[PDB]
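Participant: PDB entry and its sequence, pasted below:
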Number of protein chains: 2
Amino acid sequence: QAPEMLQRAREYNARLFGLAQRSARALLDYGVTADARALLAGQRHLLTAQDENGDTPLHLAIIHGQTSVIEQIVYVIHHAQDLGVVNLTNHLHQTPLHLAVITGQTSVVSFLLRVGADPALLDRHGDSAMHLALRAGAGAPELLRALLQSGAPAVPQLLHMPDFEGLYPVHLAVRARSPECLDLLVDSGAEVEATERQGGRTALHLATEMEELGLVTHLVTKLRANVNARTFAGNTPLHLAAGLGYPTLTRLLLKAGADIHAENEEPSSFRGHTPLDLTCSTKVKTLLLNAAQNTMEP
Amino acid sequence: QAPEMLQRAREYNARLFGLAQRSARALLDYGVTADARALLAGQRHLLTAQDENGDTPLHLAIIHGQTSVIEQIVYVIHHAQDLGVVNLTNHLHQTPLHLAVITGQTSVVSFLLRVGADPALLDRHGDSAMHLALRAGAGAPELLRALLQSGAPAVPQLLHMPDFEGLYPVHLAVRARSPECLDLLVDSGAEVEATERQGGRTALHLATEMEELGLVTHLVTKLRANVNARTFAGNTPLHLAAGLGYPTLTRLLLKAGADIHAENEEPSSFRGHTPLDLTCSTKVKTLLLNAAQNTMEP
């Protein structure tokens, strides 16, 4: 608090002078190797430098596909134990990985994973490395591949849940109308009958929901998914289908071994609406009845 | 002298912090351009960094033919008015130019000249850019060309004088047994009858000296060099030739219009040794006499 403030200012010139002085030495190496890496290492203690958007130098390189750079930068980080800088988030709370995925640069995505980079870190919207992949203006399971293949902290992703009422990765695929990924996840370990926190729905529920007749079949068949699973509001896929008026879908579900016996809520003593109830499509009504009385029925 | 030393330490952190902070910004540019130049500019205030041998980063690049680097480095220097760093000498008192020449990298030699780099600066031995060129384990006039062509501070070189008794560039060429350069110099302006500070000798003197019959002829003929020129010790080429015992050379000189009339020093009243005197070769003696009495003689 007194003229002892000097010790503070002088101390800075100590550990710092070495910095500026280290560069000077590294700059001499670059003059005998033309190796931009060495010249980049000299400023190692700077790769953490943010910007107007809070993007580290490595953050920008991934943004402008400067693959050449990302190569070097990562080298410096890896060979310096500073394997933490590769996680610094920008103002949007995005990590280098996050971007490599958002930009679709699968090549880089793999590279980052090799050295640190926790794919568990969510973004401003609460989406992890995987979650982001499962999305795309057009779609691309190619990303999900890089992740799944190699990466110790990668196996947990296929069990997380996004901000939006926590829709596990398996749920996302269905919402992404992409069975390609659906298999990718489940195959490499993934709870098929996962129950999300919103309405306790499952893959089949969202499938029948958006009437993804394709996914629905693919799920109940190959994926050996549980056909009769009730949601939080007590509803099986055979319900949503009938309600929405999805003939072929209802038919497919029925054949899949869908028990017509089910009651969501009132129209022990506690019965309620059944599949054969909520239906505004003449076609749907028919099958529901015919398939009920005929073949196995009191 | 009192706890006011603080202002000193704190001040350093002022103008310097911007440095380390500038790099940080330049390092962000490199992450969006992969341009090593920008990353090199960020450390501009370091290109002056010496080393164990006192070699600047640009000094090393020229040493290890890192042409790629030299390209960038010079750009930074040029576009920063720091056109003085390109003159910093190493421990051997050598400038970037000096090396570009010593290493024979003609390409670089030209490049340096374009931006500053005073070819007038001598080295540990007192040799300028030109002086060095006029030398080589095998020889190379290709260097002298780069210099002569383009370069405002280049025209003065062809009038300087090396440490060794100041032997002007024209003298060097003769000592380099290279008429190629001899012409190169004279053609682009160069005193032919230049008299060095040692023995006041001239091109012809050194020519006849090392008996460069080739140069001798080339000099007295095309170069229209003065045939009868006495040194400090009062001696014309016709002297040295006779003394050494160079028949054809003496003959060539004679025909060149070499006046037999000449006296160095005693064997108004003040006569001394003449060409026809100092001679241990029977052959030489003959011509000297025959050519004297015969054709024009009292």
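Facilitator: Okay, I see it. Residues are numbered from 1 along each chain as shown, chains lettered A, B, ... in the order given.
Participant: mind checking how far the residue in chain A that chain B sits nearest to is from residue B:225?
Facilitator: Going by C-beta to the nearest C-beta, chain B is nearest to residue A:6 of chain A, at 3.0 Å. Placement of C-beta: from N, CA and C, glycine included. Here residue A:6 is placed at a distance of 73 Å from residue B:225 (C-beta to C-beta, to the nearest Å).
Participant: So which of these two has more stuff around it?
Facilitator: residue B:225 (22 against 17; other C-beta atoms under 10 Å in any protein chain shown).
Participant: where does the more buried one fall, helix, sheet strand or coil?
Facilitator: coil (DSSP: H, G, I helix; E, B strand; the rest coil).
Participant: Does it touch residue B:215 like I think?
Facilitator: No: applying C-beta atoms under 8 Å, one finds residue B:225 not in contact with residue B:215, separated by 9.9 Å.
Participant: between the two, what contacts are shared?
Facilitator: residue B:203 (C-beta atoms under 8 Å, 6 or more residues apart in numbering or on different chains).
Participant: quick one: the strands in the stretch 51-200 of chain A?
Facilitator: Taking DSSP state E, counting those that start in this stretch, the stretch 51-200 of chain A contains no strands at all.
Participant: ok, which stretches of it are helices?
Facilitator: A:57-63, A:67-78, A:96-102, A:106-114, A:129-133, A:141-148, A:169-175, A:179-187 (DSSP state H, counting those that start in this stretch).
Participant: Pipe those helices into CSV and attach distance to chain B and mean neighbour count per row.
Facilitator: What follows is those, written out as CSV (distance: least, C-beta to the nearest C-beta, whole Å; neighbours: other C-beta atoms under 10 Å in any protein chain shown):
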stretch, distance to chain B, mean neighbour count
helix A:57-63, 4, 26
helix A:67-78, 5, 19
helix A:96-102, 11, 27
helix A:106-114, 13, 20
helix A:129-133, 21, 27
helix A:141-148, 22, 22
helix A:169-175, 31, 25
helix A:179-187, 32, 20
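Participant: got CSV for the ones you listed, with distance to residue B:96 too?
Facilitator: CSV is the format used below for the helices of the stretch 51-200 of chain A (distance: least, C-beta to C-beta, whole Å):
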stretch, distance to residue B:96
helix A:57-63, 30
helix A:67-78, 27
helix A:96-102, 39
helix A:106-114, 39
helix A:129-133, 49
helix A:141-148, 47
helix A:169-175, 60
helix A:179-187, 58
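Participant: Of those helices, which is nearest residue A:23?
Facilitator: Across the helices of the stretch 51-200 of chain A, residue A:23 has its closest neighbour in helix A:67-78 (13.0 Å, C-beta to C-beta).
Participant: same for the closest one, what does it pack against?
Facilitator: Applying 3 or more C-beta pairs under 8 Å, 6 or more residues apart in numbering or on different chains; DSSP states H and E, we find helix A:67-78 packed against helix A:36-41, helix A:57-63, helix A:106-114, helix B:6-33.
Participant: Ok, which of those helices comes nearest residue B:287?
Facilitator: That would be helix A:36-41 among the helices and strands packed on helix A:67-78, by C-beta to C-beta, at 69.9 Å.
Participant: re the thing from before, separation between the residue of chain A closest to chain B and residue A:277?
Facilitator: When distance is defined by C-beta to C-beta, residue A:6 is 85 Å away from residue A:277.
Participant: again with residue A:255
Facilitator: 21 Å.
Participant: So these two - more neighbours on which side?
Facilitator: residue A:277 (15 against 12).
Participant: The residue nearest to the more buried one when sequence neighbours are not counted: which element?
Facilitator: Excluding the flanking residues, the one nearest residue A:277 by C-beta to C-beta, 6 or more residues apart in numbering or on different chains is residue A:267, at 6.7 Å. Using DSSP states H and E, residue A:267 maps to neither a helix nor a strand.
Participant: from memory residue A:267 sits against residue A:278, does it?
Facilitator: No: Residue A:267 is beyond contact range of residue A:278, at 9.5 Å (criterion: C-beta under 8 Å).
Participant: And these two? Which one has more around it.
Facilitator: Per other C-beta under 10 Å, whichever of residue A:267 and residue A:278 has more neighbours is residue A:278, with 16 against 10.
Participant: Confirm for me that residue A:4 is in contact with residue B:3.
Facilitator: Yes: between residue A:4 and residue B:3 there is a contact under C-beta under 8 Å: 7.1 Å.
Participant: Kind regards, and thank you for your time.
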